[PDB]
């Protein structure tokens, strides 16, 4: 079953159960020019999700950290490095050409905040119902050695129909699909 990854040029991808699954992480970088914008299918699903969360009573904004280009990433990374250094920045912020946001398939929900109890309720809601809309929480709790990054409640990755199966496993995409993760080089 373990399928090896296929280079499409600008990006690597692996053939999922129903769809082609683009792979972007510290081990699998994207090209510099790759500037797709946001995915219109994923975009339409996130919008539905946000309304479900808002109508559920959670303070969730109408805007989100969706697509980020290489260029945007270059300026975003170095600022976080300035803030905490390089060893601490690398734990939650990808280098230019390694960010899932560059694919157009990854979006960070914004909460506006901040009751804490309300945040964690919202974070659990995602875990329980993000698959319904083809999304998965990418950077799960206690999976930093596999994914490369520490846990992040708000970063969703559109995978589509297989989101439910992936969530039920409790695995990272690296573990589930069996492609490499970890650190750089």
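Positions refer to the first chain, counted from 1.
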Exercise for the section: Give the stretch, out of 132 to 140 and 117 to 125, with the larger mean C-alpha temperature factor in the deposited entry. Expected result: 117 to 125
Handout entry: Of 78 to 86 and 99 to 107, the one with larger mean CA B-factor
Key = 78 to 86
Completion exercise
The residue of 29, 160, 59, 36 with the maximal C-alpha B-factor according to the PDB record is 59
Exercise for the section: Check where residue 168 lands among this chain's C-alpha B-factors and tell me if it's the lowest, middle or highest third. Expected result: highest
Handout entry: CA B-factor ranking of residue 155, expressed as a third of its chain
Key = lowest
Practice task
Check where residue 13 lands among this chain's C-alpha B-factors and tell me if it's the lowest, middle or highest third.
Solution key: middle
